[PDB]
């Protein structure tokens, strides 16, 4: 009887993710209707607090570090590929790219880590969805681009479209990359129970440590900040956390393994802030203004 209203972005990726979640939730056979309402992060959240919509599906790396009171992340499904992906026009791996090669990405996080590995290449802004950026790679003045492996996966691109999957040792992923967030109201106990079966605890634990570090550093998509957690055999969370200068010449990196997501994320931020990472972040945020 109850029709769950799911608010979604207009883009092809967002609607693809939203339909995937709805089809997943339907496998539980519980009596709910689902209906997408095409609707900015503030607009979605206020519409959810206004109860105009009941939930929304976002890429976790696009979630704000701080949710407004009354809203929660109700479900984090099994994580897809977390890695950044290099796609080279002429098929060169990162270490094979010619001197001065132009790599297209508008993410300071991605560009700064690449420049920290090779400062003889250039990072240049690029816009468009996956299909657009891939076509720009064939023409134009880019020697390679960086995309999220999970985005390529969810958009039906073959794994062999990627020239090189970047391991965290070369590029620490954005916090939450490869994960989805289902946002809903904190007191919507009915929806929360429905979302429980889709939640993957191991993914949620790791992402929770990433997000605590992101929150305590006041980070976001515009900040060269990165964090990736995974569950080790025995239950320990391993968190790699990184803050980089835009030019790639300053790298704050912290590796922490432990049991508690909040404790690990908190220590990561504390250790990096004491070295000067927070001062770097504030300078980059100022330079954007």
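Positions refer to the first chain, counted from 1.
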Missing residues, deposited sequence, between residue 39 and residue 40 (class: none, 1 to 3, 4 to 9, 10 or more): 10 or more
Segment of higher mean CA temperature factor, 127-135 or 200-208: 127-135
Between 152-160 and 209-217 (mean CA B-factor, as deposited), the higher: 152-160
Of the residues 233, 69, 247, 254, the one carrying the largest Cα B-factor as recorded: 233
CA B-factor placement of residue 222, once the chain's modelled residues are sorted into thirds: highest
CA B-factor ranking of residue 24, expressed as a third of its chain: lowest
Third of the chain, ranked by Cα B-factor, where residue 183 sits: lowest
Among modelled residues of the same chain, the CA temperature factor third for residue 143: middle
Record-listed C-alpha B factor of residue 268: chain third: lowest
